[PDB]
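Okay, here we've got a single chain as structure tokens, the form solved without the ligand, with questions on binding and movement later.
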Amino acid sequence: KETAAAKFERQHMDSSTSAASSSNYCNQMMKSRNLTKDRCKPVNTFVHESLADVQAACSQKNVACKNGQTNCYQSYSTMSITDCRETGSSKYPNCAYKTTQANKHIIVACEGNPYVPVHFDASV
């Protein structure tokens, strides 16, 4: 099985581009990261920063997660992110995504040793 930290990396990291290329960024990335394999993941955010900077958020501002857990952290600085969400025309096996690029703080849940990101909670 995939570890929690590795699943977070695969689903949420894109350190190779500074920001979403075109409107087709999400269709390509959701496919590349295997998030459209058996079904279309409905919503998924990619962060365009180094893995180190995203991991460093786990020692930044401790805040509540939406589900009430207390292991969430909000990055002190804004980061380049792209939110990918299915459009109305999306239907497996023909997934289709809207690409929205933004610069916002990220909120992640962290766990383990090393204490690293295991869930992407929200962007602010």
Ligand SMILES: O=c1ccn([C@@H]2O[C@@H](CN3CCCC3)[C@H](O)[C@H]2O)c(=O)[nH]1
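The first residue of the shown sequence is 1; numbering continues from there.
Taking the PDB entry as given, 113-121 carries the higher mean Cα B factor of the two stretches 4-12 and 113-121. Set 94-102 against 62-70 and average the Cα temperature factors; 62-70 ends up higher. In the deposited coordinates, the residue among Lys37, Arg85, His48, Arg33 with the greatest CA B-factor is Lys37. When the CA B factors of the chain's modelled residues are split into thirds, the value for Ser80 lands in the lowest one.
Although it is not shown, the form deposited with the ligand bound is what the next lines describe.
Although the chain is displayed without it, the ligand can be placed by superposition from its pose in the entry with it bound; doing so yields no atom within 2.4 Å of a backbone or C-beta atom, and the site is open.
Shown without its partner, the chain has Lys41, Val43, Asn44, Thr45 in segment 23-51 as residues with a non-hydrogen atom within 4.5 angstroms of the ligand in the entry with it bound.
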